[PDB]
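Trainee: Handing you a structure now.
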Amino acid sequence: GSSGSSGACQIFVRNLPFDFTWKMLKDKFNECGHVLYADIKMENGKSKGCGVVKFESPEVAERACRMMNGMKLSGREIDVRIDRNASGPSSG
(Lines give C-alpha, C1' and ligand atoms only; values in the text may rest on other atoms or scores of the structure.)
Protein backbone atom coordinates (compact mmCIF):
# COMPACT_ATOMS: atom_id res chain seq x y z
CA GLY A 1 0.00 0.00 0.00
CA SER A 2 0.88 3.69 -0.14
CA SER A 3 -0.37 7.23 0.47
CA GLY A 4 0.39 8.85 -2.87
CA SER A 5 -1.75 9.99 -5.78
CA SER A 6 -5.21 8.42 -5.57
CA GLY A 7 -5.32 6.34 -8.73
CA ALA A 8 -2.31 5.44 -10.86
CA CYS A 9 -3.40 6.51 -14.34
CA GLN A 10 -0.09 7.98 -15.50
CA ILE A 11 3.09 5.99 -16.15
CA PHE A 12 6.76 6.46 -17.03
CA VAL A 13 8.98 5.12 -19.80
CA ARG A 14 12.73 4.95 -20.43
CA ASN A 15 15.24 3.65 -22.97
CA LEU A 16 13.19 4.78 -25.97
CA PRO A 17 14.54 4.87 -29.55
CA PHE A 18 16.27 8.18 -30.25
CA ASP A 19 13.86 8.42 -33.18
CA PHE A 20 10.85 7.41 -31.08
CA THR A 21 8.37 10.28 -31.27
CA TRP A 22 5.38 11.31 -29.16
CA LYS A 23 2.75 10.31 -31.73
CA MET A 24 4.16 6.78 -31.82
CA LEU A 25 4.57 6.62 -28.05
CA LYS A 26 0.85 7.32 -27.69
CA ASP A 27 -0.68 5.00 -30.29
CA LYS A 28 1.89 2.54 -28.92
CA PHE A 29 0.30 2.49 -25.47
CA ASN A 30 -3.18 2.87 -26.96
CA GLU A 31 -3.34 -0.92 -27.28
CA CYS A 32 -3.98 -1.05 -23.53
CA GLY A 33 -6.48 1.78 -23.22
CA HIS A 34 -7.30 5.32 -24.31
CA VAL A 35 -4.13 7.42 -24.04
CA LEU A 36 -4.70 11.12 -23.37
CA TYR A 37 -1.37 12.71 -22.45
CA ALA A 38 1.77 11.66 -24.33
CA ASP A 39 5.07 13.45 -24.87
CA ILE A 40 8.81 12.83 -25.18
CA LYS A 41 11.18 14.38 -22.64
CA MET A 42 14.00 16.39 -24.22
CA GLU A 43 17.03 18.38 -23.04
CA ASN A 44 18.34 21.39 -24.94
CA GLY A 45 16.87 19.86 -28.08
CA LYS A 46 18.14 16.35 -27.40
CA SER A 47 15.97 13.24 -27.02
CA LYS A 48 16.40 11.54 -23.64
CA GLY A 49 14.53 8.38 -24.57
CA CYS A 50 12.13 8.85 -21.67
CA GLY A 51 8.46 9.79 -21.88
CA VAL A 52 5.10 9.54 -20.12
CA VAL A 53 1.63 8.20 -20.89
CA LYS A 54 -1.65 9.10 -19.18
CA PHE A 55 -4.83 7.01 -19.38
CA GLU A 56 -8.50 7.62 -18.60
CA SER A 57 -8.73 4.97 -15.88
CA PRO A 58 -6.18 4.25 -13.12
CA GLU A 59 -6.56 0.48 -13.53
CA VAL A 60 -5.47 0.65 -17.17
CA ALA A 61 -2.10 2.23 -16.40
CA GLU A 62 -1.26 -0.46 -13.84
CA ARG A 63 -1.75 -2.85 -16.76
CA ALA A 64 0.00 -0.97 -19.57
CA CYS A 65 3.01 -1.01 -17.24
CA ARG A 66 3.60 -4.77 -17.33
CA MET A 67 2.16 -5.04 -20.84
CA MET A 68 4.93 -2.69 -21.97
CA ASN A 69 7.37 -3.53 -19.18
CA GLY A 70 10.45 -4.73 -21.03
CA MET A 71 9.00 -4.02 -24.46
CA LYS A 72 11.99 -4.55 -26.75
CA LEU A 73 11.90 -1.31 -28.75
CA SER A 74 14.05 -1.23 -31.89
CA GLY A 75 16.42 -3.56 -30.07
CA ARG A 76 16.18 -1.56 -26.85
CA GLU A 77 14.38 -2.83 -23.75
CA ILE A 78 12.27 -0.11 -22.13
CA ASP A 79 11.50 0.24 -18.42
CA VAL A 80 7.78 0.82 -17.87
CA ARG A 81 6.39 1.53 -14.41
CA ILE A 82 3.65 3.40 -12.56
CA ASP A 83 4.37 7.03 -11.67
CA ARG A 84 3.66 7.79 -8.01
CA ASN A 85 5.02 11.34 -8.16
CA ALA A 86 3.22 12.89 -11.13
CA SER A 87 2.19 16.04 -9.25
CA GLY A 88 3.70 19.08 -10.94
CA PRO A 89 6.84 19.44 -13.10
CA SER A 90 9.77 17.09 -12.49
CA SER A 91 13.00 19.00 -13.12
CA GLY A 92 15.69 20.58 -10.97
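Residues in the C-alpha coordinates are named by chain (A, B, ... in the order shown) and by number from 1 within that chain; ligands are numbered from 1 in the order shown.
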As a VMD selection string, which residues of chain A does DSSP assign to strand (DSSP E)?

Mentor: chain A and resid 10 to 13 35 to 42 47 to 55 81 to 82

Trainee: Determine, counting only C-alpha atoms, which protein, DNA and RNA residues have an atom within 7 Å of an atom of residue 49 of chain A; residues of the same chain fewer than 5 positions away are not included. Present the result as an MDAnalysis selection string.

Mentor: chainID A and resid 14:18

Trainee: For segment 76-92 of chain A, list every protein, DNA or RNA residue within 9 Å, evaluated using only C-alpha atoms, and leave out those in the same chain fewer than 2 positions away; present the list as a PyMOL selection string.

Mentor: chain A and resi 4-5+8-17+50+52+61-62+64-74

Trainee: Atom CA of residue 55 of chain A to atom CA of residue 38 of chain A: how many Å, to one decimal?

Mentor: 9.5 Å
